[PDB]
Amino acid sequence: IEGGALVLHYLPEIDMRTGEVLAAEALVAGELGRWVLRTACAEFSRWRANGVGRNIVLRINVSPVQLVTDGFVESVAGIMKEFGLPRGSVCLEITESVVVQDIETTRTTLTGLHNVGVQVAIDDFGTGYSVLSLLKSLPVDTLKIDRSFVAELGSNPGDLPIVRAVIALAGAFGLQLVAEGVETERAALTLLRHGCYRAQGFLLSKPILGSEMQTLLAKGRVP
Amino acid sequence: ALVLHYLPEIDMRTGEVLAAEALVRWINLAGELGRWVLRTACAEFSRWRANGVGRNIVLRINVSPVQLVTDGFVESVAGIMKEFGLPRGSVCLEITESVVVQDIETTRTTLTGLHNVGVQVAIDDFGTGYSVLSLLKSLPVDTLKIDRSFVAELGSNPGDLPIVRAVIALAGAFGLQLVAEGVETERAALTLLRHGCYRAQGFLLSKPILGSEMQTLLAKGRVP
Ligand SMILES: [Mg+2]
Ligand SMILES: [Mg+2]
């Protein structure tokens with residue numbers, strides 16, 4: 360929506376054991416979607432300015448079109464410095480559908496971002512292109528288990544072997560885990576049993592306005 | 364002109380030939415080619431069966447996305463095997479992983495039709511194309527192949543083993559047959575055996591060879 364300016368919503372990512380909020384996924412050249420990125424960082428530093436969300440990470444969905452456009456890191460780097468955001472506080476979620484040439488260029492960008500203290504995550508994991516291959520080449524930090532897998536996690540026994548295998552990969556690759564699409568208590572408890580404690584989903588929390596997040600972050604926890 | 368090429372698939376424990384993947388030595411282009419291959423491979427395959435060799439092995443044939451998802455394809459394959467007296471379960475059609483969304487989910491019905499004919503189905507180059515992880519549970523494919531990339535530098539490359547270790551577990555859950563491709567080094571062969579994959583293809587195991595040469599190999603039954 361437009362208020363003359365962009366109205367972003369923020370999907371909280373929580374520790375499911377404690378209920379504690381650990382991060383917030385910001386939801387909504413030619414494609415100057417750094418406008419989204421810029422708005423999120425501004426709203427994020429605002430929380431930080433108010434002594435809230437100091438220890439949490441801001442997650443922004445970044446396109447591969449957005450990525451590897453020359454002077455992409457210059458913006459991400461500058462944008463963070465602009466709003467006094469410290470290292471590790473921003474994590475760019477990249478789609479698994481990289482499906483891009485210059486895999487070296489992609490790798491130099493990701494390492495480039497790490498030099499600038501920016502984490503990277505694979506969004507919608509298991510649904511894109513070259514799912515398993517990417518794990519070898521790209522120095523990412525976080526994995527995000529797609530809606531698809533978490534949806535019927537408890538109900539279908541057939542989802543668990545897959546999820547158990549994905550968790551193994553993350554563990555084996557030294558990658559942080561996040562489950563997205565937790566809409567049931569069954570999936571919730573199953574993710575906990577097998578060692579996936581970070582998650583997002585309608586059961587846990589809904590996309591909320593910047594002000595609403597700041598309030599939630601003031602508590603620092605949810606049921 | 365072109366000619367068929369056969370990459371044998373062996374049990375790395377014994378050295379016994381369990382199957383042979385038909386390859387070509389170097409409406410749509412590939413649509414015609416693969417349909418020719420299917421017929422020629424099956425023809426050449428029955429010639430072995432006639433000579434009493436490879437009587438109980440599988441013939442693996444790569445199927446293009448265009449050949450599949452054509453009305454009459456499933457019935458056509460049956461028509462090929464009826465013709466060359468190939469028995470039930472003696473053919474396994476490899477399909478590239480990037481057919482999940484590249485074709486409609488009626489793929490499920492195609493497989494269902496193919497299983498009724500007595501035709502196995504393998505997922506080639508797994509983890510490289512558009513992933514099927516979402517639908518592996520719902521898909522009745524029989525075999526699952528470990529792509530060349532994860533096998534090539536297996537052991538030396540640290541990223542390979544976890545991926546190989548993962549895919550094995552998946553196949554084990556859904557009752558899928560595990561075949562490794564691109565086994566270049568004994569280092570790779572050694573790990574696969576230790577981690578639970580005995581079927582494999584590779585230059586180390588056996589080079590791709592002609593139909594006549596395959597007969598000779600099948601007559602022996604093994605490689606060293
Ligand atoms: Mg996301
Ligand atoms: Mg193949």
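Chains B and A, in that order, give the protein sequences. Mapping of the first sequence onto the authors' numbering: residues 360 to 387, 412 to 606, in sequence order. Mapping of the second sequence onto the authors' numbering: residues 364 to 389, 409 to 606, in sequence order. Where a beta carbon is used, it is the ideal one built from N, C-alpha and C, also for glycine.
Report task. Just confirm the distance between the C-beta atoms of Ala548/B and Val561/B, as a whole number of angstroms; I'd bet it's less than 8 Å. Result -> Between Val561/B and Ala548/B the Cβ distance is about 16 Å, and since that is not below 8 Å, they are no contact.
Query - Nearest-residue set for ligand 1, Cβ under 7 Å from any heavy atom - result: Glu384/B, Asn444/B, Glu476/B, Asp506/B, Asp507/B, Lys527/B, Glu563/B
Report task. Determine the contact status of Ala412/B and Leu441/B, defining contact as a CB-CB distance below 7 Å. Result -> no
Query raised in the report: Is the CB-CB distance between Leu587/B and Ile373/B below 7 Å?
Result: yes
Report task. Measure the C-alpha to C-alpha separation of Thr573/A and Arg429/B and round it to an integer number of angstroms. Result -> 53 Å
Requested in this report: Could you tell me whether the Cβ atoms of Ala555/B and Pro371/A are closer together than 7 Å?
Outcome: no
**Report entry** Distance, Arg490/B Cα to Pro540/B Cα
**Finding:** 36 Å
Query raised in the report: Cβ of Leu558/B less than 7 Å from any chain A Cβ?
Result: no
Query raised in the report: Any heavy atom of ligand 3 closer than 6 Å to the CB of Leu517/A?
Result: This structure does not include ligand 3; its bound ligands are ligand 1 and ligand 2.
Requested in this report: Would you kindly work out how many angstroms separate the C-alpha atoms of residue 395/B and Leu515/A, rounded to a whole number?
Outcome: No coordinates exist for residue 395/B in the structure shown, because the numbering of chain B passes directly from 387 to 412.
**Report entry** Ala551/A versus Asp529/A: straight-line alpha-carbon distance, rounded
**Finding:** 15 Å
**Report entry** Three-way DSSP call (helix, strand, coil) for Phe508/B in this model
**Finding:** strand
Requested in this report: Determine whether the Cβ of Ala553/A lies closer than 7 Å to any Cβ atom of chain B.
Outcome: no
**Report entry** Counterpart residues of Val473/A in DSSP-defined beta bridges
**Finding:** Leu441/A, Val501/A
Report task. For the beta strand (DSSP E) containing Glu414/B, list its first residue and its last residue. Result -> Neither: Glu414/B is in no beta strand (DSSP E) and is coded neither H nor E.
Query raised in the report: Given that a residue counts as buried once 16 or more other Cβ atoms are within 10 Å of its Cβ, and exposed if not, what is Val503/A?
Result: buried
Query raised in the report: Mind checking whether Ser513/B and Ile486/B have CB atoms under 7 Å apart?
Result: no
Report task. Give me whichever residues DSSP pairs with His368/A in a beta bridge. Result -> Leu386/A
Query raised in the report: Applying the criterion that 16 or more other CB atoms from any shown protein chain within 10 Å of the CB defines a buried residue, is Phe532/B buried or exposed?
Result: buried
Requested in this report: Report, in whole angstroms, the separation of the C-beta atoms of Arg576/A and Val380/A, which I expect to be a contact under 8 Å.
Outcome: Actually they are not in contact, since the Cβ atoms of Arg576/A and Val380/A sit about 22 Å apart, beyond 8 Å.
Query raised in the report: By Cβ distance below 7 Å, which residues in the same chain neighbour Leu558/B in space, the five residues on each side in sequence not counted?
Result: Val523, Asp524, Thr525, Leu526
**Report entry** Sequence-distant residues of its chain with Cβ nearer than 6 Å to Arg388/A (five each side left out)
**Finding:** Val366, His368
Query raised in the report: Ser531/A touches chain B at which residues, Cβ-Cβ below 7 Å?
Result: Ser516
Query raised in the report: Who are the Cβ neighbours of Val481/A in its own chain at under 6 Å, not counting the five residues just before and after it?
Result: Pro447
Requested in this report: Return yes when the Cβ of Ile505/A is within less than 7 Å of the Cβ of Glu465/A, no when it is not.
Outcome: no
Requested in this report: Can you have a look at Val419/B and say buried or exposed, based on whether 16 or more other CB atoms are within 10 angstroms of its CB?
Outcome: buried
Requested in this report: Would you mind stating whether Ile443/A and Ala423/A have Cβ atoms separated by less than 7 Å?
Outcome: yes
Requested in this report: Put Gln449/A into one of helix, strand or coil per three-state DSSP.
Outcome: coil
Query raised in the report: Roughly how many whole angstroms lie between the Cα atoms of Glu568/A and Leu536/A?
Result: 9 Å
Requested in this report: Could you confirm whether any beta carbon from chain B is found closer than 7 Å to the beta carbon of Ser446/A?
Outcome: no
Requested in this report: Using DSSP bridges, identify the partner residues of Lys527/A.
Outcome: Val561/A
Query raised in the report: Taking 7 Å as the CB-CB cut-off, is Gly454/B touching chain A?
Result: no
Query raised in the report: Candidates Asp507/A, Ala432/A, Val459/A: which alpha carbon is nearest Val499/A's?
Result: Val459/A
Requested in this report: Output yes if chain B places a C-beta closer than 7 Å to the C-beta of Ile528/A; else output no.
Outcome: no
Report task. Name, going along the chain, the residues of the segment 485 to 518 of chain A whose beta-carbon falls closer than 8 Å to a beta-carbon of chain B. Result -> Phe508, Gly509, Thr510, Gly511, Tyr512, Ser513, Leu515, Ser516, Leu518
Query raised in the report: So is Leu518/B buried or exposed if we call it buried at 16+ other beta carbons inside 10 Å?
Result: buried
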